[PDB]
Every structure is written in C-alpha cells, then in structure tokens.
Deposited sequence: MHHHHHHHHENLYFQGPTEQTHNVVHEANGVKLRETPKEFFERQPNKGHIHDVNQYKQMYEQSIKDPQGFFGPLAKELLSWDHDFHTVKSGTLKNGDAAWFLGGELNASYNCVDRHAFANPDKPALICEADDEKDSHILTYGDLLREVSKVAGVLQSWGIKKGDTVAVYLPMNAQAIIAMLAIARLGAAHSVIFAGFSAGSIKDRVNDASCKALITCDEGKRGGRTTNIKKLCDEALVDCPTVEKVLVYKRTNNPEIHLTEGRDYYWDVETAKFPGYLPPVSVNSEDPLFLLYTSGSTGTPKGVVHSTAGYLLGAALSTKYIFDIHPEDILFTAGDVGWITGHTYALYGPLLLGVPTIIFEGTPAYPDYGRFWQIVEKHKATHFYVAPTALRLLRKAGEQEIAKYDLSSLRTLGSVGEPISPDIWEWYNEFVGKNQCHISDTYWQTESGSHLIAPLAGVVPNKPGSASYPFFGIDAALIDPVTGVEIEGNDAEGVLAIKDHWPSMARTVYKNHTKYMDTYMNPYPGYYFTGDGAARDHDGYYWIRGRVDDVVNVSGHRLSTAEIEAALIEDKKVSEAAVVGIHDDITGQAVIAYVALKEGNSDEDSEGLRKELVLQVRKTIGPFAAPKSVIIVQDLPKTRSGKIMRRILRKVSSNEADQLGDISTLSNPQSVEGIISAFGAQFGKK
C-alpha cells in the first residue's frame, strides 16, 4: 500500500490478452519481461554493445560509424554514431522499393473517401525523387531548411522525404497555424523554399492554405521559391510570378530517380517548432531514425506483415516519428488520414481500419473522449478484428478512458500502449511494450531502451531513491533520438533542459513510481 502513489493502490495488473498472440504474425521480438530487463540493463550499462548492433541492423549506412556514443548532458554535446553517413529517404523508401516496389507504403485516406489512394514504395520513391529534383534545381542543398505547410496527406510525407533526400532540414508547420506563426517559424529557420497547396479540405470544409502563406511570405525574404500542390485546383488561388510554381508542372520535368545525399549521423534531420517565442527543436539523423525504428518495432510489436494507422498530424512530433519514419523505416504500410474523426460520421476511424485491416492503431486520448461521447454506436458497426495493439499519445489517459479504449475498440483482445514522450525525446521514453509488459491502467509503465528514468525532489534538487516516490521526472543520460539543440539558440536548449538540473535532462513533467517500478505521469510541473 503506497502512501504516495495512491494510483497504484488496488489496481490489478492486466496481462496481455491471448488474442494478441493469436493475431501476431510471427514470434515476438521479446519473449518475456525478464528478457526485456536484461536488454534494458545492457542499454543503460553498455549503450555501445546494445545500440551499435541494433543501429547496424535497423539502418542502412553509407559510411560506418566509429563511436556509438559521445558527449554529456551538462555540456550539451551529445552525439551518437559518430563518423557514420546515411540518408533518411533511402532508409524509408529506397531500400524497401528495391526489395519489393509494389508493397504499399502510404495508404492515403482523404477527407472524402472518393479522393483516397495508395502509394507503393516504388511510387513513393518516384514522387520523392521528382520533388527532390525540383528542389535541387532550385539550389536547395545540404545545410538548408525547407518549410512544409501541408495537411496530413501524401504530399506532406513526400515533401519531408524529398527535403531529407537532398540533405536539407524540413520544418513542418501545422496547416491550421496562423500567418504570423508561419512568419515566425520560416524567418527563424530562414527557409529558402516552401512546399504547400492551394487549399485544403477537412471535415467537408475547404481551408485557406496558399492565402495564409502569401500573407506570411510578404515578410519572409529568405523564401526564394514556393512549390504549390493543386489539392483542390481552385482557379481563384493566386500564384506570385517568379516565386510560386505548381507541384505537378515541375515534377513532370524531372526523372523518377535522384541519387540521395549522404549526411553525417549528427547532421540535422529536421526542425520542429513548439508553441512565448517559438523554438525550433533540432533532431539529428542517425539517432532519431534509430529511436523511431527501435520504438516502433518493440513498443508496438510491429512486424513486416503489419499495417499501422497513426492518427496524428505531421505538424506534431507524433506524425513525424510514428506516422512517417518509424513505419517506413521498418518497411510496413502507414495510413495517412487527412480528415476529421467525425466526417462524414464518427465511424470514420473504424471504417478505415476495417478497410485496410490495420493491425496497429495510435490515437490521442482527446479523440477517444470525443468518440466516447458521439461514436459508441458506430464502433459496433465495423470489423476491428485486425487490430491487436492500441496506442495512446500526448496526454495522461485516465483509467476510465483506458477501460473504454480496451472494451469498445480493443474488445479486451488487444494490448494497450500508453506512450510517454516529448518532441524533444524524438521517440518513446516510457511505454509498456506490446505483448511483453502487463498493464496498469493509466500508467506508462517501464522506461524504454536508453532511458534511465529518475525522480528528483524539486526543492532539494536531489534524486529520490527507492520506490513509492513522487517528483519531477528526469533522465540520467542522453539517448540516441534526443534533440541536439534549439535552432541557432543553444543557450535556450541548455537553459530549458540541461541546466535546470545539472547532469539530468529535465522533462518538465512531474511523475511518480510505485513498488513495481511502473511510472505514473502526474502532468506538467
């Protein structure tokens, strides 16, 4: 009985349902919790012997790395896989296309299903190559930043991967953001180009995209050229002569293969700005990609035969890591949903899952609460038997929402993964592994590989030893996918994460841990 961790009292462990293992296509990646603890202990005690092999296994390198791990938190010089060279678009597209070009890669569900379509890895390579050829002709090169202002669809994925192909860093801006937000982000990154579309369609409603871009770009001198996709082909949308060019017109000029550009492990893969003044969280290439592939493989128990549906927007780190990189690195299909959970009806999510026999579903608790209110009747209409792993992202999931998730969507036949992580962490920090870790509803459970979790007493600034404790959550050493800096403001990076608790990474979240070692997220501090 915990006097501090009141959540832990009288909550029974929920073993993984049998139907999960029935539906699992192959042997599990981890046999039992003990094997997990052995691997975890190695990842903490021996990051070299643990991550080196996995990095070589899960990633295709243009040049081998000579040092797995370097740098410390206090000095803000963390680096992983030093000396290595690779290209993200190759690991997400090229190698899979060569293996089997006809395998589905992007299952695109549009706002209206009539406009839905599917791209194979061969298709994705050709589109990415063409956009990258357009960008290369425009002078985009390694070390540049390219802005993306697109909804959740194929063009957002293709834009990101083409920018990566050339070695540039993409900065994805949520399509709903105001013109002033676009202005601040583009000017901070000094983007040389922008990829967007004339208009968007969401929930049946047309949305202004190119209009807001124009209103922003009048104050963004760095943007030399804009690439506009005709999502709606509305003739009234205006293109500025000498700056705005059409996606289809330009991609028609260039061939379906373009050599990728090799980049160093620690060369920046992308900037992601977080909502005060916006700050650009910078993520390297090698460390971030490994974190995405590693978490996607083990936390969700993804197998080659599987199909993932991450109901998140690329404007959010969730979309980046688990809608694009994690899945495509592992070569599995990923579902890209442009619409709203309600349009045309609140059965939209389930309609898509049944349509594509999705094996994994990843959603935020906010949508779960909305669907609890309005779409309970619609859940029963659709066939969700293909699913076996259900994920929760972005906020604490209350046990009642946990039980609702388990009953109506999972049918108490699926594993539930409550994933705790930040934009800065790149990938999962604390999460219960699918098919390995029994669940405590509302608990993120054990930390993942490379994550040495700790609880600090805020007043003393001292780590709290032992279980049955509550405090601010910190990490004792840097992990592969940890953000390396804040764009052109490394002092802010240090002051925000490294300096507040020296020797630690400060999450900004308070949490508690019970006698079983499960971590309970108490929310922001």
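Unmodelled regions of the deposited chain, listed from N- to C-terminal end, are 1-20, 296-298, 549-686.
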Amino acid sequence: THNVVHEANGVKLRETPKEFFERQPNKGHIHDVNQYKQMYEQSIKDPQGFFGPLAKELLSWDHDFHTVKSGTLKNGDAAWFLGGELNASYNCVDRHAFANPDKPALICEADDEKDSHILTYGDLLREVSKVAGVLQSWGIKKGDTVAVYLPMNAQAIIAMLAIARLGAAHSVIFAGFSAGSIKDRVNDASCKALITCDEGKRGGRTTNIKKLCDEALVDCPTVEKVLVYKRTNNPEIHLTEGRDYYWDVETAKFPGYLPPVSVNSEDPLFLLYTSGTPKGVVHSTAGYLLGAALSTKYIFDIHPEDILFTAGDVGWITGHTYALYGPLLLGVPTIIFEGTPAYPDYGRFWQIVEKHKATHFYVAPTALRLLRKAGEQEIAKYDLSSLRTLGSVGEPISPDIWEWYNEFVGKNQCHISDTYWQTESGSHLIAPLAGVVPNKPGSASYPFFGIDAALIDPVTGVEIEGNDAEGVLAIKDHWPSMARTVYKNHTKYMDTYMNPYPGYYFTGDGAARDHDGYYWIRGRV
From here on, numbers count along this sequence of modelled residues.
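As listed in the deposited structure, the average C-alpha B-factor of 425-433 and of 89-97 is greater for 425-433. Looking at mean Cα B-factors across 469-477 and 46-54, the upper value is held by 469-477. By the numbers in the PDB entry, the CA B factor is greatest at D345 among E250, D123, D267, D345.
Per the PDB entry, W404 shows the highest C-alpha temperature factor of the residues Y257, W404, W138, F81. Placement of the Cα temperature factor of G143 within the chain: lowest third of the modelled residues, per the deposited record.
Sorting the modelled residues of the chain by their CA temperature factor places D495 in the middle third. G203 sits in the highest third of its chain by CA B factor, as recorded in the PDB entry. Residue-level temperature factors show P341 in the highest third of its chain, judged at the C-alpha atom. The deposited CA B-factor of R165 belongs to the lowest third of values across its chain.
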